[PDB]
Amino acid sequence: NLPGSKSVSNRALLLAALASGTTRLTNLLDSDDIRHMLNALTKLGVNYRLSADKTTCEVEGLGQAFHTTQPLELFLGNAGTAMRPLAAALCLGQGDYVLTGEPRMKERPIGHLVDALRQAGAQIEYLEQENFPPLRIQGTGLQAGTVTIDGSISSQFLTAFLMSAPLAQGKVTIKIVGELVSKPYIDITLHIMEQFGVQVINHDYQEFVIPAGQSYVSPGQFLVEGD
């Protein structure tokens, strides 16, 4: 048996948290980076039941974006695979967050994702160095409309944006400039979103359209693929 992909484990934990219903994730990776994501979810008010072997986690979904009141620091050690999807998702609801981690987290570049979120109206501030964590993020919701993303962008940034786009105020259209790289990785993300009940119209990787009014819905069990 092969363990779950770290990035798939954290992305599926975040969708399970946003989704209606409880999702039993299986083959979850037993890793501290998954624990940093669980800890963020706990601080954000999400309940879950984690099995003794740490590879099974039932996440009780909020059925909508996070809404916290007290300003919160979310310290994520060196978990890039938790920082990136959260930088986007934290813009969707209500709250005031500092997204940060250990000194090495501050060396993880994040500017291309911040730029995409800001095209959709996000309120994000760099607290130390431009283009890097720590970030101060305000929950504002994301605006409907067209955003333009470069085809050479690292897939993890495009993925983080796509995962949050269904919870924007209306239809989101992502235009890609040039030839999109890492198409198979984008495919994995689109597949996970589909399992959580969301449709993304893919125009041969030149444009992605996320119709308005969708919600993530628990598929019951989500099996985390290897890699």
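Start at 1 and count along the sequence shown; that's the residue number.
Q: Please compare 88-96 with 153-161 and name the stretch with the higher mean C-alpha B-factor in the deposited structure.
A: That would be 88-96.
Q: May I ask you to compare 111-119 and 126-134 by their mean CA B factor in the entry and name the higher one?
A: Mean CA B-factor is higher for 126-134.
Q: Taking the values straight from the PDB record, which of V59, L38, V198, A52 has the highest C-alpha temperature factor?
A: So the option with the highest C-alpha B-factor is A52.
Q: Identify, among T69, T189, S182, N27, the residue whose C-alpha carries the highest B-factor in the deposited PDB entry.
A: The listed residue with the largest C-alpha B-factor is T69.
Q: In terms of the chain's CA B-factor thirds, is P166 lowest, middle or highest?
A: It belongs to the lowest third of the chain when residues are ordered by C-alpha B-factor.
Q: Divide the modelled residues of the chain into thirds by Cα B-factor and specify which third, lowest, middle or highest, holds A17.
A: It falls in the bottom third of the chain.
Q: Splitting the chain's C-alpha B-factors into thirds, which one does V217 fall into?
A: According to the entry, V217 has a C-alpha B-factor in the chain's middle third.
Q: Considering only modelled residues of the same chain, in which third does the CA B-factor of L2 rank: lowest, middle or highest?
A: It falls in the top third of the chain.
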